[PDB]
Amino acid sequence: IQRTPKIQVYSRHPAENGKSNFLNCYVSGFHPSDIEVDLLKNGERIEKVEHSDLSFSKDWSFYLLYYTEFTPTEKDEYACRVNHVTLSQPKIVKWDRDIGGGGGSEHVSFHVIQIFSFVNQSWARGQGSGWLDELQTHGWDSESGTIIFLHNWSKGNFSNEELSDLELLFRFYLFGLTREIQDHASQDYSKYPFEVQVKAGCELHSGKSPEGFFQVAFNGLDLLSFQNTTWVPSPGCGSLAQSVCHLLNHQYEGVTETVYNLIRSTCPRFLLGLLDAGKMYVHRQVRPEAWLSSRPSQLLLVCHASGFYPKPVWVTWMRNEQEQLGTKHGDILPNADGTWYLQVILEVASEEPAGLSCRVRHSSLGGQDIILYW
């Protein structure tokens, strides 16, 4: 299936003319992964923009955060431009400082993801990364075929010897899976292009001990997963899923055994050691900064909170202790440093409409809410 990109543009800090800041563009909900994203200043692409490593969500749809240092002024216009197969022409979302542009059992998860993009018989690409929940802990350098340790504690309690062995295994695996798929696909060219995603790792749920998983998607839909010792086809992907599970269950018992030990024995060890080593960083508290803005629609009042970590937060418009319903909660969006951003909108009538305020509540604030008066 294909999914059109969602595009959201925001600044890391409140805009102050002449003062340096970061411009962020979050591109999400898209499929396939092939995408072009630029940040524009007055219609011209900014060089030396950075971006997060390609990731994807629960529904397999891809997400990327683009960011650059910028200095807003009164006059300068910034935007995010995206092109993608779902779009007949590039889509430009402007940054507006006033309004921007655009589960159950509690658990932690360590997992590796892979994205395999098969463009044609002569061209395929494998990429991947490691994640503690939504935090990236590991990258993968394609050229050298090596693990990139992103944090000082990214080795968990694993030895360099163990990590080197895993690294070599992953290198052989990425190359081999890509080639094996290309060999099957070279017998019918009209299947091209297509994409394969893997998510594999282990989860610690409250009340349970670690559980491994290995999940696969094809063109953005569940294809199959590893259940106990059996590759099980997604009910959703019918005949192709059945074929692939038959291959995996009957011609690759060595692969099966390797996946089993990795997700059921090595991954739990890795997860527990990683949480432990990264304790201080993962359970840190970072206070949000907060500010108000408005635009005409009747005003929209907009309350912003940016720079908070961890993610749970509560932001609401209040008319003297009365919480205003009619408040639109935006998405919680990432900043490049791992903190988060949120705006909350209230549509109002009249002028300055007596005592409106915005209340920001967050674990980091030591029981002292930020209250901003309009």
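Numbers for residues come from their place in the sequence shown, where the first is 1.
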- Residues of the deposited sequence that sit between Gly145 and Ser144 yet are not modelled: none
- Query: Counting only residues of the deposited sequence, how many between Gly102 and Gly103 have no atoms in the entry (none, 1 to 3, 4 to 9, 10 or more)?
  - Reply: 4 to 9
- Task: State which stretch shows the higher mean Cα B factor in the entry: 121 to 129 or 173 to 181.
- Result: 121 to 129
- Which wins on mean Cα temperature factor, 188 to 196 or 261 to 269? 188 to 196
- Task: Check the PDB entry and point out which of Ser364, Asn21, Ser357, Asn24 has the largest C-alpha temperature factor.
- Result: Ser357
- Choose from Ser61, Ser52, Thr327, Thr339 the residue with the greatest Cα B-factor as stated in the PDB record. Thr327
- Task: Determine, from the deposited record, the chain-internal third of the Cα B-factor for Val216: lowest, middle or highest.
- Result: lowest
- Query: When the modelled residues of the chain are sorted by Cα temperature factor, does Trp317 land in the lowest, middle or highest third?
  - Reply: highest
- Third of chain Cα B-factors occupied by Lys311: lowest
- Item | Position of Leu135 among the chain's modelled residues by C-alpha B-factor, lowest, middle or highest third | lowest
- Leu299: CA temperature factor from the record, placed by chain third, in the highest
